[PDB]
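**Student:** Quick one: the structure is below, questions incoming.
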Amino acid sequence: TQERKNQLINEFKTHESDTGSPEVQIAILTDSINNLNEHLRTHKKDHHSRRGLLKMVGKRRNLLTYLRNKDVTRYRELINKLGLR
Amino acid sequence: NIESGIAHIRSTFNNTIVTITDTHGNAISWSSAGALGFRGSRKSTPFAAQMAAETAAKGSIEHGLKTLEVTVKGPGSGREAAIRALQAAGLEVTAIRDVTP
Amino acid sequence: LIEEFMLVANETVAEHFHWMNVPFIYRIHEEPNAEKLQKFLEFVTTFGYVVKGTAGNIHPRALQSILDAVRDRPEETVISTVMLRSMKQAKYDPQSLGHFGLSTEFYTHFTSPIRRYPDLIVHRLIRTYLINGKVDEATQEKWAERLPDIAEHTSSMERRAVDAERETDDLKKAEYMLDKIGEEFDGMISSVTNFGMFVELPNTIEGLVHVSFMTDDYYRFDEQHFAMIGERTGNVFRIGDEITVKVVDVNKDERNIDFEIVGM
Amino acid sequence: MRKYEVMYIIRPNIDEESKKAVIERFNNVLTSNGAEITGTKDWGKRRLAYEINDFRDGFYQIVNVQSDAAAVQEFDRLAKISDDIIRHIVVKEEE
Amino acid sequence: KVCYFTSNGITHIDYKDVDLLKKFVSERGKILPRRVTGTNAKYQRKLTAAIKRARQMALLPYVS
RNA sequence: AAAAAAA
RNA sequence: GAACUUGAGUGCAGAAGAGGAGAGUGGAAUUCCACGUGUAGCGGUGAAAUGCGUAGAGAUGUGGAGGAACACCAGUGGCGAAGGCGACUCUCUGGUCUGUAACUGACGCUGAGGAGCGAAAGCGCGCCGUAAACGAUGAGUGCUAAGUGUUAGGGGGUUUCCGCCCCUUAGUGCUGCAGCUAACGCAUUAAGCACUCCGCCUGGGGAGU
């Protein structure tokens, strides 16, 4: 939802007007992934949804990898707070 | 003795049956091109259609019908004449239906 | 506006002289031909309509109720055209037989005596009966003897006139289009005879399209469903369909215009 | 929550008292499950275009509501069960 | 041949307006094609949902 | 192929 | 190492869609049958035989096979990675397009292997999973005449909106330069001009053995 998205942005933004940071982006993606993993738990045979998921995960991973090479501190902070390995 | 009823015309390429029923689908009367003594080409024609249509219609007017809902099946040339024949017999036609699959 | 006034004037004059019960000329329109109308009532059942009337005794209102229903539909030009083919002509007559198309029992022509002889007669009958007060038996017997021959003659002269006016229209219509060769137009299928197809351009100009110019397929006329049915390609050309056409042969002398199937 | 437009047809062979009981029942169903009724029209006895459960007419009701799925889905559940409501349709309003 | 819905500033067709939709079906009930009503494709699709929603709640009939 | 009515 | 915004992505606003999985419901057919009425033919038709049936047929109405599909709309229209996807509603859910530039600041492209999806297959919901699974054309990007239609948006113009014209983005068609081609053709949806990466070919049989 948009209200959730609005919480997440405020929780994870690196300044006031920031929505374009990886922290933000990954946060949002992380939520969408968790919601959709839940969707697929019930609707296992929803293949076309699963394809969407796989791309989301990918988008995550590329942002994390991006973060990791830019700033390792930020990378650690972010994976801890979200709960990723 | 009933007033309102359905007339299920079956005009095929070979024959024209005409049943007339009540609203519950119980047969009041019927006639057909074959029961009209037409044979072969003649059973297909719209002449035999009107014959059967009126033969069963006049049978229905004895039981005291007035208004007919019509339903048509089959691709035959008889429906056109047969339906006019239900109006020409005296019985007023309301809803037409073509239930042809 | 002017139509309605002339109508009510004409009805009022006709009504007055009906109740006067003197010999008078009327403008009658009989009930439509019961055989042609029978085919029309069948034809409008193809579309699922029901007309509250018989082919012997149909009320004008019933035929208007179809014309209103079909307004803005694919069954508009088709029905209307087959309704005309079941209509008759109007004529003058000494008997008050009514005017089917105007749905009134009392009609005459009073309002154009410069250009119609039955209007000049009505004027004389008005001057005879109302102004001069001459409603004696000898005056009635004289007019009763003269009116049938005048009515039958004038009705024949009207039909001759209209046929001639149309003939000259169709003639100069070709004359207009002796330079339309090739030029494509978007004009509706106005009629479907077995010997071809007839396409009215928006400006009321019709032309022919035989199977000679139906080059793609061997089409066939379905009378019941007023249409052209092709089989080799599986085509359908009903009446009233908006289509394109090209002027090929405007032969003015016989008053021919020809089209070809550019498409639909 | 999100706007819906709940339209149903009560069978034509009931008294106006019994009718009001049905409307009140089903408006109670929605509000009980956390809906709020913005509107409640009544078209009255109309002729059906075709015959539903051997009835040629019926009492159209048209309730606007704002609710979560649970309210609408509960209405739907009971409107099926009920022999008074011969047909119904929930619809989302497109804002 | 104009789109009634665009022409008259209409944005939302309503399955409850029975006489509005009635201008866009045949007597049998068949939904009249775009080529004959001159509707815009956008609205033809809105129109068709509405007609079908109408049909479900017996406001309009089914075909022939 | 072509209805009223008008010109 | 620092800096940047045009590529890429997030916001924010709007848009369209038969995109997917659930779960209900609608009309219909279809027709196994049970039975309600009805009653003589039903027929096949070159039209007759061929069948057939009164022990009630055909036509006809409700239990009902309850398993399948969704007439009009419906468009070489739309959506999807492909195969595909068309009644209606709700639930859950995926992607795309337009606009603004508030943000990030190259986060990008391709992708052997691998994983998953994936026809009538073939065959016991499971595996199988090869497939005119051939618009006969890999993906990404930039550049290089035009004309015209259609789908979803945007900007503007007069004009009351509408309408009609102009410009524009994305998609989808038709026609058509330059160029390319053995020819046929392709032609801003390239089969042109370029760069990156993948897949693939190297005479026909024998042999997909």
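Letters A, B, ... mark the chains of the structure tokens in the order given; residue numbers begin at 1 per chain; ligand numbers begin at 1, in order shown.
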Could you produce a table of the residues of stretch 44-150 of chain G lying within 10 Å of stretch 35-58 of chain B, with the nearest pair of atoms per residue and their separation in Å rounded to one decimal, using only C-alpha atoms (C1' of nucleotides), ordered by chain and increasing residue number, as a Markdown table?

**Tutor:**
| residue | atom | partner | partner_atom | distance |
| --- | --- | --- | --- | --- |
| G:44 | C1' | B:40 | CA | 9.8 |
| G:45 | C1' | B:40 | CA | 6.6 |
| G:47 | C1' | B:40 | CA | 6.3 |
| G:48 | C1' | B:40 | CA | 9.0 |

**Student:** Those same residues, written as a PDB file, in the first residue's frame with C-alpha atoms (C1' of nucleotides)?

**Tutor:**
ATOM      1  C1'   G G  44     -34.040 -38.585 -44.778  1.00  0.00           C
ATOM      2  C1'   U G  45     -34.690 -34.925 -48.211  1.00  0.00           C
ATOM      3  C1'   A G  47     -37.234 -37.457 -53.222  1.00  0.00           C
ATOM      4  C1'   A G  48     -37.746 -41.987 -52.151  1.00  0.00           C
TER       5        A G  48
END

**Student:** Once you count only C-alpha atoms, which residues of chain E turn out to be within 12 Å of chain D? Could you give them as a PyMOL selection string?

**Tutor:** chain E and resi 11-18+27-29+46+49-50+53-64

**Student:** Sorted by chain and rising residue number, list the residues of chain C at most 10 Å from chain E (counting only C-alpha atoms), each with its closest atom pair and distance in Å to one decimal, as JSON lines.

**Tutor:**
{"residue": "C:47", "atom": "CA", "partner": "E:28", "partner_atom": "CA", "distance": 8.0}
{"residue": "C:48", "atom": "CA", "partner": "E:28", "partner_atom": "CA", "distance": 6.4}
{"residue": "C:49", "atom": "CA", "partner": "E:27", "partner_atom": "CA", "distance": 7.6}
{"residue": "C:69", "atom": "CA", "partner": "E:27", "partner_atom": "CA", "distance": 8.6}
{"residue": "C:70", "atom": "CA", "partner": "E:26", "partner_atom": "CA", "distance": 9.0}
{"residue": "C:72", "atom": "CA", "partner": "E:37", "partner_atom": "CA", "distance": 7.7}
{"residue": "C:73", "atom": "CA", "partner": "E:36", "partner_atom": "CA", "distance": 6.8}
{"residue": "C:74", "atom": "CA", "partner": "E:36", "partner_atom": "CA", "distance": 6.7}
{"residue": "C:75", "atom": "CA", "partner": "E:26", "partner_atom": "CA", "distance": 9.4}
{"residue": "C:241", "atom": "CA", "partner": "E:36", "partner_atom": "CA", "distance": 9.6}
{"residue": "C:242", "atom": "CA", "partner": "E:36", "partner_atom": "CA", "distance": 9.6}

**Student:** Can you write out the residues you just picked, keeping C-alpha atoms, as a PDB file, in the first residue's frame?

**Tutor:**
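After the write, out-v6.pdb holds the following:
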ATOM      1  CA  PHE C  47     -35.001  -8.581 -37.190  1.00  0.00           C
ATOM      2  CA  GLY C  48     -37.308  -9.694 -34.343  1.00  0.00           C
ATOM      3  CA  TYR C  49     -39.946  -6.925 -34.612  1.00  0.00           C
ATOM      4  CA  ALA C  69     -37.909   1.842 -33.325  1.00  0.00           C
ATOM      5  CA  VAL C  70     -35.399   1.313 -36.183  1.00  0.00           C
ATOM      6  CA  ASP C  72     -30.343   4.775 -35.764  1.00  0.00           C
ATOM      7  CA  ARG C  73     -29.806   1.002 -36.201  1.00  0.00           C
ATOM      8  CA  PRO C  74     -28.586  -1.496 -38.902  1.00  0.00           C
ATOM      9  CA  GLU C  75     -32.245  -2.296 -39.743  1.00  0.00           C
ATOM     10  CA  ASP C 241     -24.480  -1.005 -45.517  1.00  0.00           C
ATOM     11  CA  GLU C 242     -22.056   1.938 -45.871  1.00  0.00           C
TER      12      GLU C 242
END

**Student:** Between D:13, D:40, D:28, D:4, which is the closest to residue D:83 once you count only C-alpha atoms?

**Tutor:**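 Smallest separation from residue D:83 among the options: D:13.
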
**Student:** Quick check, in Å to one decimal: how far apart do atom CA of residue C:133 and atom CA of residue C:151 lie?

**Tutor:** 23.6 Å

**Student:** From the DSSP assignment of the backbone, select every residue of stretch 27-82 of chain B that is strand (DSSP E or B), and format the answer as a ChimeraX atom specification.

**Tutor:** /B:27-32,67-73

**Student:** What does the distance from atom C1' of residue G:126 to atom CA of residue A:37 come to in Å, to one decimal?

**Tutor:**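 Computed distance, atom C1' of residue G:126 to atom CA of residue A:37, equals 24.5 Å.
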
**Student:** Using atom CA of residue B:27 and atom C1' of residue G:35 as the two end points, give the distance in Å to one decimal.

**Tutor:**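 Separation of atom CA of residue B:27 and atom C1' of residue G:35: 15.1 Å.
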
**Student:** Can you tell me, as JSON, numbers by chain, what residues are no more than 10 Å from residue F:5 when counting only C-alpha atoms (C1' of nucleotides), ignoring any on the same chain fewer than 5 positions away?

**Tutor:** {"C": [3, 4, 6, 7, 102]}

**Student:** Please write the residues from the selection above to a file, keeping C-alpha atoms, as a CSV table (one decimal), in the first residue's frame.

**Tutor:**
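What ended up in part-v8.csv:
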chain,number,residue,atom,x,y,z
C,3,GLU,CA,-46.6,21.6,-44.8
C,4,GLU,CA,-48.6,21.3,-41.5
C,6,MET,CA,-51.6,23.4,-45.7
C,7,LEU,CA,-52.4,19.9,-44.3
C,102,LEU,CA,-51.8,11.1,-43.2

**Student:** May I have the residues of chain B within 10 Å of chain G, counting only C-alpha atoms (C1' of nucleotides), written as a PyMOL selection string?

**Tutor:** chain B and resi 7-10+13-32+34-35+39-41+43-44+99-101

**Student:** Mind running chain G against chain D at 8 Å and telling me each contacting residue's nearest atom pair with the distance in Å (one decimal), counting only C-alpha atoms (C1' of nucleotides), chain and number ascending, as JSON lines?

**Tutor:**
{"residue": "G:89", "atom": "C1'", "partner": "D:90", "partner_atom": "CA", "distance": 6.3}
{"residue": "G:90", "atom": "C1'", "partner": "D:90", "partner_atom": "CA", "distance": 7.3}
{"residue": "G:91", "atom": "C1'", "partner": "D:69", "partner_atom": "CA", "distance": 7.4}

**Student:** According to DSSP computed on the backbone, where in stretch 134-223 of chain C is there alpha helix (DSSP H)? Give the residues as a PyMOL selection string.

**Tutor:** chain C and resi 137-176

**Student:** May I have the residues of chain C within 10 Å of chain B, counting only C-alpha atoms, written as a PyMOL selection string?

**Tutor:** chain C and resi 38-39+41-56+224

**Student:** Atoms to include: N, CA and C atoms. Write the selected residues as a tab-separated table (two decimals), in the first residue's frame.

**Tutor:**
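Written output follows (again_4.tsv):
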chain	number	residue	atom	x	y	z
C	38	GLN	N	-47.62	-8.11	-46.75
C	38	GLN	CA	-47.34	-9.42	-46.19
C	38	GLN	C	-45.84	-9.72	-46.25
C	39	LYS	N	-45.20	-9.46	-47.40
C	39	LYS	CA	-43.76	-9.65	-47.56
C	39	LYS	C	-42.98	-8.69	-46.66
C	41	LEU	N	-44.09	-7.41	-43.71
C	41	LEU	CA	-44.25	-7.85	-42.33
C	41	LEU	C	-43.39	-9.07	-42.00
C	42	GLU	N	-43.22	-9.98	-42.97
C	42	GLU	CA	-42.28	-11.08	-42.84
C	42	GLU	C	-40.88	-10.52	-42.66
C	43	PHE	N	-40.48	-9.63	-43.59
C	43	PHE	CA	-39.14	-9.09	-43.66
C	43	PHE	C	-38.71	-8.44	-42.35
C	44	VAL	N	-39.62	-7.68	-41.70
C	44	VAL	CA	-39.33	-7.03	-40.43
C	44	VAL	C	-39.37	-8.02	-39.26
C	45	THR	N	-39.84	-9.25	-39.48
C	45	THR	CA	-39.71	-10.32	-38.49
C	45	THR	C	-38.32	-10.98	-38.52
C	46	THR	N	-37.57	-10.88	-39.62
C	46	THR	CA	-36.17	-11.32	-39.64
C	46	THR	C	-35.37	-10.65	-38.52
C	47	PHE	N	-35.72	-9.39	-38.17
C	47	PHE	CA	-35.00	-8.58	-37.19
C	47	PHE	C	-35.57	-8.72	-35.78
C	48	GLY	N	-36.72	-9.40	-35.64
C	48	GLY	CA	-37.31	-9.69	-34.34
C	48	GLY	C	-38.45	-8.75	-33.94
C	49	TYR	N	-38.84	-7.84	-34.85
C	49	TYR	CA	-39.95	-6.93	-34.61
C	49	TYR	C	-41.27	-7.67	-34.76
C	50	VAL	N	-42.30	-7.12	-34.10
C	50	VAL	CA	-43.68	-7.56	-34.25
C	50	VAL	C	-44.54	-6.32	-34.47
C	51	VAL	N	-45.30	-6.32	-35.57
C	51	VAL	CA	-46.15	-5.21	-35.94
C	51	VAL	C	-47.58	-5.59	-35.55
C	52	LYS	N	-48.24	-4.74	-34.75
C	52	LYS	CA	-49.57	-5.02	-34.21
C	52	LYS	C	-50.63	-4.74	-35.28
C	53	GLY	N	-50.77	-5.68	-36.23
C	53	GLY	CA	-51.65	-5.52	-37.37
C	53	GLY	C	-51.59	-6.73	-38.31
C	54	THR	N	-52.62	-6.85	-39.17
C	54	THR	CA	-52.69	-7.86	-40.23
C	54	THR	C	-52.49	-7.18	-41.58
C	55	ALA	N	-52.11	-7.97	-42.59
C	55	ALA	CA	-51.84	-7.47	-43.93
C	55	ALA	C	-53.09	-6.92	-44.62
C	56	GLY	N	-54.29	-7.34	-44.17
C	56	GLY	CA	-55.55	-6.77	-44.62
C	56	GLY	C	-55.88	-5.40	-44.01
C	224	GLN	N	-35.67	-13.51	-48.70
C	224	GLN	CA	-36.13	-13.47	-47.31
C	224	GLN	C	-35.36	-12.44	-46.47
